[PDB]
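Undergrad: Hey, dropping my_file_36.txt in here, compact mmCIF, C-alpha atoms and all ligand atoms:
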```
# COMPACT_ATOMS: atom_id res chain seq x y z
CA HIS A 1 2.92 -125.25 144.81
CA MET A 2 1.16 -128.32 146.36
CA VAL A 3 0.14 -131.01 143.78
CA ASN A 4 1.78 -131.56 140.38
CA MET A 5 -0.86 -132.22 137.64
CA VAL A 6 1.68 -133.71 135.25
CA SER A 7 1.82 -137.53 135.17
CA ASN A 8 5.34 -138.95 135.02
CA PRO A 9 6.78 -135.40 135.31
CA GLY A 10 10.43 -136.39 135.66
CA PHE A 11 10.33 -139.17 133.07
CA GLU A 12 11.29 -141.59 135.84
CA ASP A 13 8.77 -144.08 134.38
CA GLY A 14 10.23 -143.75 130.87
CA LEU A 15 7.71 -142.48 128.33
CA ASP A 16 4.64 -143.57 130.40
CA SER A 17 1.80 -141.00 130.04
CA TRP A 18 3.57 -139.04 127.32
CA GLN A 19 2.32 -139.02 123.74
CA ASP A 20 5.10 -139.37 121.17
CA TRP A 21 4.03 -137.46 118.04
CA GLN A 22 7.06 -137.84 115.76
CA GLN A 23 8.67 -141.03 117.17
CA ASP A 24 11.64 -138.91 118.21
CA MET A 25 11.49 -139.32 122.00
CA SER A 26 13.39 -141.43 124.50
CA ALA A 27 13.80 -141.37 128.24
CA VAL A 28 17.53 -141.79 128.88
CA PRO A 29 20.15 -141.06 131.61
CA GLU A 30 22.14 -138.64 129.40
CA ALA A 31 19.06 -136.34 129.42
CA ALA A 32 18.47 -136.43 133.18
CA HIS A 33 18.25 -133.28 135.26
CA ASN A 34 16.96 -135.03 138.44
CA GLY A 35 16.52 -138.74 139.12
CA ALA A 36 17.77 -141.42 136.75
CA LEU A 37 16.13 -140.21 133.51
CA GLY A 38 15.30 -137.24 131.38
CA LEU A 39 13.49 -136.80 128.05
CA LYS A 40 15.58 -136.56 124.90
CA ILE A 41 14.00 -135.20 121.74
CA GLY A 42 16.32 -135.93 118.82
CA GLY A 43 17.59 -133.08 116.66
CA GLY A 44 17.36 -132.85 112.88
CA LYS A 45 13.61 -132.25 112.61
CA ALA A 46 10.80 -130.53 114.48
CA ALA A 47 9.35 -132.96 117.03
CA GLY A 48 7.63 -133.26 120.38
CA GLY A 49 5.02 -134.91 122.58
CA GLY A 50 2.51 -134.16 125.27
CA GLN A 51 -0.20 -134.99 127.73
CA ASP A 52 -3.89 -134.10 128.02
CA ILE A 53 -4.56 -132.51 131.44
CA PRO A 54 -8.11 -131.50 132.46
CA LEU A 55 -7.90 -128.32 134.53
CA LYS A 56 -10.38 -126.57 136.81
CA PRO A 57 -12.11 -123.50 135.34
CA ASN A 58 -11.38 -120.01 136.81
CA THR A 59 -8.15 -121.30 138.37
CA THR A 60 -4.61 -119.96 138.50
CA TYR A 61 -1.78 -122.38 137.59
CA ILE A 62 2.01 -122.24 137.43
CA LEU A 63 3.60 -123.97 134.45
CA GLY A 64 7.32 -124.77 134.95
CA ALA A 65 10.06 -126.92 133.43
CA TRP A 66 13.81 -127.63 133.17
CA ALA A 67 15.42 -127.83 129.69
CA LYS A 68 18.67 -127.62 127.77
CA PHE A 69 19.89 -128.24 124.24
CA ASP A 70 23.14 -130.18 123.90
CA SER A 71 24.23 -127.74 121.19
CA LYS A 72 23.30 -124.20 120.08
CA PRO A 73 19.83 -124.36 118.46
CA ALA A 74 18.54 -122.19 115.60
CA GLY A 75 15.01 -122.16 117.00
CA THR A 76 13.58 -122.93 120.41
CA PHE A 77 12.10 -125.68 122.53
CA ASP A 78 8.68 -124.75 123.85
CA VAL A 79 6.65 -125.94 126.78
CA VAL A 80 3.01 -124.99 126.30
CA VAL A 81 -0.37 -125.30 127.93
CA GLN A 82 -2.90 -125.03 125.13
CA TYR A 83 -6.71 -125.25 124.75
CA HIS A 84 -9.65 -123.70 122.91
CA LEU A 85 -11.93 -121.15 124.54
CA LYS A 86 -15.68 -121.46 124.26
CA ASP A 87 -16.39 -118.25 122.27
CA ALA A 88 -17.45 -116.92 118.84
CA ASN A 89 -14.69 -118.78 116.97
CA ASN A 90 -13.35 -120.96 119.83
CA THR A 91 -10.11 -119.00 120.00
CA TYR A 92 -7.03 -121.25 120.44
CA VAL A 93 -4.84 -120.02 123.30
CA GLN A 94 -1.25 -120.93 124.15
CA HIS A 95 0.70 -120.28 127.34
CA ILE A 96 4.24 -120.71 126.11
CA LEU A 97 7.71 -121.06 127.74
CA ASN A 98 10.53 -120.80 125.16
CA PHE A 99 13.98 -122.31 125.74
CA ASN A 100 17.18 -121.96 123.68
CA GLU A 101 19.78 -122.51 126.40
CA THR A 102 22.69 -125.00 126.46
CA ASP A 103 22.81 -125.10 130.28
CA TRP A 104 20.01 -126.57 132.41
CA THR A 105 17.47 -123.78 132.73
CA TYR A 106 14.26 -123.57 134.77
CA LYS A 107 11.51 -121.28 133.42
CA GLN A 108 7.95 -120.74 134.62
CA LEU A 109 4.80 -118.80 133.82
CA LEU A 110 1.42 -118.12 135.42
CA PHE A 111 -2.03 -118.37 133.80
CA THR A 112 -5.68 -118.39 134.87
CA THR A 113 -8.09 -120.76 133.05
CA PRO A 114 -11.43 -119.47 131.54
CA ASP A 115 -14.93 -120.07 132.96
CA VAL A 116 -15.58 -122.69 130.25
CA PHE A 117 -13.17 -124.78 128.15
CA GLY A 118 -13.77 -125.29 124.41
CA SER A 119 -11.40 -128.27 124.45
CA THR A 120 -9.33 -130.35 126.92
CA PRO A 121 -6.06 -128.63 127.91
CA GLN A 122 -2.88 -130.17 126.60
CA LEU A 123 0.67 -129.82 127.92
CA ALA A 124 2.93 -129.94 124.86
CA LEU A 125 6.71 -130.28 124.72
CA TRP A 126 7.53 -128.98 121.30
CA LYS A 127 11.06 -128.90 119.95
CA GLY A 128 10.38 -126.82 116.83
CA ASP A 129 14.09 -126.20 116.30
CA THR A 130 15.36 -127.95 113.16
CA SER A 131 19.11 -127.87 113.82
CA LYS A 132 21.15 -130.95 114.79
CA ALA A 133 20.84 -129.97 118.48
CA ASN A 134 19.25 -132.61 120.71
CA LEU A 135 16.86 -131.34 123.38
CA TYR A 136 16.77 -132.48 127.01
CA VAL A 137 13.79 -131.71 129.25
CA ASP A 138 12.96 -132.94 132.74
CA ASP A 139 10.97 -132.07 135.86
CA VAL A 140 7.86 -130.50 134.30
CA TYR A 141 5.41 -128.75 136.68
CA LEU A 142 1.73 -127.74 136.38
CA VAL A 143 0.37 -126.74 139.77
CA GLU A 144 -2.69 -124.98 141.11
CA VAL A 145 -1.83 -122.07 143.45
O1 LIG B 201 2.02 -136.79 114.38
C1 LIG B 201 0.88 -137.59 114.62
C2 LIG B 201 0.21 -137.15 115.91
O2 LIG B 201 -0.13 -135.78 115.80
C3 LIG B 201 -0.61 -135.21 117.01
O3 LIG B 201 -0.85 -133.80 116.88
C4 LIG B 201 0.27 -133.00 117.14
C5 LIG B 201 0.93 -132.58 115.83
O4 LIG B 201 1.51 -133.69 115.18
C6 LIG B 201 1.98 -131.49 116.04
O5 LIG B 201 3.14 -132.05 116.63
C7 LIG B 201 1.45 -130.35 116.90
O6 LIG B 201 2.56 -129.48 117.21
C8 LIG B 201 2.14 -128.18 117.55
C9 LIG B 201 2.26 -127.95 119.05
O7 LIG B 201 1.32 -128.76 119.73
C10 LIG B 201 1.94 -126.49 119.36
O8 LIG B 201 0.59 -126.21 119.01
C11 LIG B 201 2.90 -125.59 118.58
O9 LIG B 201 2.53 -124.22 118.83
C12 LIG B 201 3.49 -123.30 118.37
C13 LIG B 201 2.87 -122.33 117.37
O10 LIG B 201 2.49 -123.03 116.20
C14 LIG B 201 3.85 -121.22 117.04
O11 LIG B 201 5.00 -121.77 116.44
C15 LIG B 201 4.27 -120.48 118.31
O12 LIG B 201 5.39 -119.63 118.02
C16 LIG B 201 5.52 -118.59 118.97
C17 LIG B 201 6.78 -118.81 119.84
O13 LIG B 201 6.65 -119.88 120.75
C18 LIG B 201 7.11 -117.55 120.64
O14 LIG B 201 6.07 -117.29 121.57
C19 LIG B 201 7.24 -116.38 119.67
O15 LIG B 201 7.54 -115.20 120.35
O16 LIG B 201 5.97 -116.22 119.05
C20 LIG B 201 5.72 -117.30 118.17
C21 LIG B 201 4.56 -116.92 117.26
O17 LIG B 201 5.10 -116.06 116.27
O18 LIG B 201 4.68 -121.33 119.35
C22 LIG B 201 4.07 -122.58 119.60
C23 LIG B 201 5.21 -123.43 120.15
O19 LIG B 201 4.66 -124.33 121.05
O20 LIG B 201 2.94 -125.86 117.19
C24 LIG B 201 2.95 -127.20 116.70
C25 LIG B 201 2.28 -127.13 115.33
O21 LIG B 201 3.26 -127.44 114.38
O22 LIG B 201 0.78 -130.81 118.07
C26 LIG B 201 -0.26 -131.75 117.84
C27 LIG B 201 -0.97 -132.11 119.14
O23 LIG B 201 -1.49 -130.94 119.73
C28 LIG B 201 -1.91 -135.89 117.43
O24 LIG B 201 -2.95 -135.53 116.54
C29 LIG B 201 -1.74 -137.41 117.47
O25 LIG B 201 -3.00 -138.02 117.63
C30 LIG B 201 -1.06 -137.94 116.20
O26 LIG B 201 -0.78 -139.31 116.33
CA CA B 202 14.10 -137.05 135.76
```
Show the structure stored in the file as structure tokens.
TA:
Amino acid sequence: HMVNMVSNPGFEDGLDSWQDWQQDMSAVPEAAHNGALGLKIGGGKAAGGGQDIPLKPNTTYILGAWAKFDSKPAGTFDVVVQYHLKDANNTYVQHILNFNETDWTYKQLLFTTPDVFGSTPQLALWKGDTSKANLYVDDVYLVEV
């Protein structure tokens, strides 16, 4: 843990640097874990957003995040680093944190990138749950160790 690769990782600059795929995202105080703002992804449909992050090859990273649903979900909220390999079929690979908690929860995983990327890595915040539960996420981490 030295440098955070994620731009606008605490949503303190609103939605700056975050793609909004289903127009279901807002940066609002009610969703804050730290600072003034957090990301709210509205319940009722599957929705999310993300950021393209070029990574170094052959390198070990920690992916981490804080999340909570404001109500018991049926599915999960997922934070993912995803990219294609450069191989026989360009395998798609996903390093996935799953959340279903209604208290602020920090989760983290470790992964090591391939020698060659088949595509540019993407950090996705994917609230696949389809209940009425709203999802809060804040303080996302992607750091080389
Ligand atoms: O909308 C216009 C906009 O689209 C953009 O492209 C988006 C696209 O719209 C989707 O939102 C898409 O969403 C995908 C996520 O990126 C991610 O790939 C996600 O991956 C899932 C996976 O499908 C599967 O569900 C998996 O389930 C796991 C689970 O997490 C757990 O591990 C369990 O134990 O195992 C199961 C497997 O059984 O988990 C992953 C959860 O992250 O799926 C979504 C696909 O529906 O992302 C696209 C961007 O990458 C852009 O094209 C944009 O330009 C355009 O304007
Ligand atoms: Ca914040």
Undergrad: What does the distance between atom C3 of ligand LIG 201 (chain B) and atom CA of residue 102 of chain A come to in Å, to one decimal place?
TA: 27.1 Å
Undergrad: Atom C28 of ligand LIG 201 (chain B) and atom CA of residue 58 of chain A are how many Å apart?
TA: 26.8 Å
Undergrad: Find the residues of chain A that sit at most 9 Å from ligand LIG 201 (chain B); for each, write down the nearest two atoms and how far apart they are in Å, to one decimal. Count all atoms listed in the file. Sort by chain, then by number going up, and give it as a tab-separated table.
TA:
```
residue	atom	partner	partner_atom	distance
A:19	CA	B:LIG201	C29	7.6
A:20	CA	B:LIG201	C2	7.5
A:21	CA	B:LIG201	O1	4.2
A:22	CA	B:LIG201	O1	5.3
A:23	CA	B:LIG201	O1	8.4
A:46	CA	B:LIG201	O5	8.1
A:47	CA	B:LIG201	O5	6.3
A:48	CA	B:LIG201	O5	6.0
A:49	CA	B:LIG201	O5	6.9
A:50	CA	B:LIG201	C27	7.3
A:76	CA	B:LIG201	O13	7.6
A:77	CA	B:LIG201	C23	7.6
A:78	CA	B:LIG201	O19	4.9
A:79	CA	B:LIG201	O19	6.3
A:80	CA	B:LIG201	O19	5.5
A:81	CA	B:LIG201	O19	8.6
A:82	CA	B:LIG201	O8	7.1
A:94	CA	B:LIG201	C22	7.2
A:95	CA	B:LIG201	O14	8.4
A:96	CA	B:LIG201	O13	5.9
A:97	CA	B:LIG201	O13	7.2
A:98	CA	B:LIG201	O13	5.9
A:122	CA	B:LIG201	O23	7.1
A:123	CA	B:LIG201	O7	8.3
A:124	CA	B:LIG201	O7	5.5
A:125	CA	B:LIG201	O19	7.3
A:126	CA	B:LIG201	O19	5.5
A:127	CA	B:LIG201	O19	7.9
A:128	CA	B:LIG201	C23	7.0
```
Undergrad: Work out where the centre of an axis-aligned box around every listed atom of segment 76-87 of chain A lies and how long its edges are once 8 Å is added on each side; give both in Å to one decimal as AutoDock Vina command-line options.
TA:
```
--center_x -1.4 --center_y -122.1 --center_z 124.2 --size_x 46.0 --size_y 23.7 --size_z 23.5
```
Undergrad: Anything within 10 Å of (12.8, -136.2, 131.7): list those residues as JSON, numbers by chain, counting all atoms listed in the file and sticking to the file's coordinates.
TA: {"A": [8, 9, 10, 11, 12, 13, 14, 15, 26, 27, 28, 29, 30, 31, 32, 33, 34, 35, 36, 37, 38, 39, 40, 65, 66, 67, 136, 137, 138, 139, 140]}
Undergrad: In Å, how far is it from atom CA of residue 118 of chain A to atom CA of residue 59 of chain A?
TA: 15.6 Å
Undergrad: Counting all atoms listed in the file, I want the residues whose atoms come within 10 Å of (20.3, -129.7, 118.7) in the file frame, returned as a list in words.
TA: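 Returned residue set, sorted by chain then number, is residues 41, 42, 43, 44, 45, 68, 69, 70, 71, 72, 73, 74, 75, 76, 77, 100, 102, 127, 129, 130, 131, 132, 133, 134, 135 and 136 of chain A.
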Undergrad: Let me make sure I understand: among A:99, A:141, A:18, A:61, which one has the smallest atom-to-atom distance to residue 114 of chain A if we use only C-alpha atoms?
TA: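 Once distances to residue 114 of chain A are computed over only C-alpha atoms, the minimum belongs to A:61.
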Undergrad: Skipping near chain neighbours, those fewer than 3 positions away, what residues fall within 7 Å of residue 143 of chain A using only C-alpha atoms, listed as a list in words?
TA: residues 1, 2, 3, 4, 5, 61, 62 and 63 of chain A
Undergrad: Just the residues within 12 Å of residue 56 of chain A, please, counting only C-alpha atoms, with nothing from its chain fewer than 6 positions along; format it as a list in words.
TA: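 My list of contacting residues is residues 5, 112, 113, 114, 115, 116, 117, 120, 121, 143, 144 and 145 of chain A.
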Undergrad: Quick one: segment 27-51 of chain A with N, CA and C atoms, as a short mmCIF file (atom, residue, chain, number, x, y, z; two decimals), in the frame of the given file?
TA:
```
data_model
loop_
_atom_site.label_atom_id
_atom_site.label_comp_id
_atom_site.auth_asym_id
_atom_site.auth_seq_id
_atom_site.Cartn_x
_atom_site.Cartn_y
_atom_site.Cartn_z
N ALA A 27 13.49 -141.73 126.88
CA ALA A 27 13.80 -141.37 128.24
C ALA A 27 15.11 -142.05 128.57
N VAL A 28 16.16 -141.27 128.82
CA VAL A 28 17.53 -141.79 128.88
C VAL A 28 18.33 -141.04 129.97
N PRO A 29 19.32 -141.71 130.59
CA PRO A 29 20.15 -141.06 131.61
C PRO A 29 20.89 -139.80 131.12
N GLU A 30 21.36 -139.79 129.88
CA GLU A 30 22.14 -138.64 129.40
C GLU A 30 21.30 -137.36 129.44
N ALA A 31 19.97 -137.50 129.46
CA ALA A 31 19.06 -136.34 129.42
C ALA A 31 18.54 -135.94 130.80
N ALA A 32 19.01 -136.63 131.84
CA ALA A 32 18.47 -136.43 133.18
C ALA A 32 18.89 -135.10 133.77
N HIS A 33 17.92 -134.40 134.36
CA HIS A 33 18.25 -133.28 135.26
C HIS A 33 18.19 -133.77 136.72
N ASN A 34 17.06 -134.35 137.13
CA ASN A 34 16.96 -135.03 138.44
C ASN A 34 16.59 -136.48 138.22
N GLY A 35 16.83 -137.32 139.22
CA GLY A 35 16.52 -138.74 139.12
C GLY A 35 17.41 -139.43 138.10
N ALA A 36 16.96 -140.58 137.62
CA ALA A 36 17.77 -141.42 136.75
C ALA A 36 17.63 -141.04 135.28
N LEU A 37 16.50 -140.42 134.92
CA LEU A 37 16.13 -140.21 133.51
C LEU A 37 15.67 -138.81 133.18
N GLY A 38 15.84 -138.47 131.92
CA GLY A 38 15.30 -137.24 131.38
C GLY A 38 14.76 -137.58 130.00
N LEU A 39 14.00 -136.65 129.41
CA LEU A 39 13.49 -136.80 128.05
C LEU A 39 14.45 -136.22 127.04
N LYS A 40 14.81 -137.03 126.05
CA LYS A 40 15.58 -136.56 124.90
C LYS A 40 14.71 -136.51 123.65
N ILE A 41 14.63 -135.33 123.04
CA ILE A 41 14.00 -135.20 121.74
C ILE A 41 15.09 -134.98 120.69
N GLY A 42 15.21 -135.92 119.76
CA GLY A 42 16.32 -135.93 118.82
C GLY A 42 16.31 -134.77 117.84
N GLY A 43 17.48 -134.19 117.58
CA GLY A 43 17.59 -133.08 116.66
C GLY A 43 17.39 -133.52 115.22
N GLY A 44 17.39 -132.55 114.31
CA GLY A 44 17.36 -132.85 112.88
C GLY A 44 16.01 -132.58 112.24
N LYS A 45 14.97 -132.53 113.07
CA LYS A 45 13.61 -132.25 112.61
C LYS A 45 12.82 -131.71 113.77
N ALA A 46 11.74 -130.99 113.45
CA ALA A 46 10.80 -130.53 114.48
C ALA A 46 10.05 -131.73 115.05
N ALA A 47 9.96 -131.80 116.38
CA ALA A 47 9.35 -132.96 117.03
C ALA A 47 8.96 -132.65 118.47
N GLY A 48 8.04 -133.43 119.01
CA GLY A 48 7.63 -133.26 120.38
C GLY A 48 6.61 -134.28 120.84
N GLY A 49 5.99 -133.99 121.98
CA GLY A 49 5.02 -134.91 122.58
C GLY A 49 4.27 -134.15 123.64
N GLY A 50 3.33 -134.83 124.29
CA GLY A 50 2.51 -134.16 125.27
C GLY A 50 1.55 -135.02 126.05
N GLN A 51 0.68 -134.34 126.78
CA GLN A 51 -0.20 -134.99 127.73
C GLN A 51 -1.46 -134.14 127.83
#
```
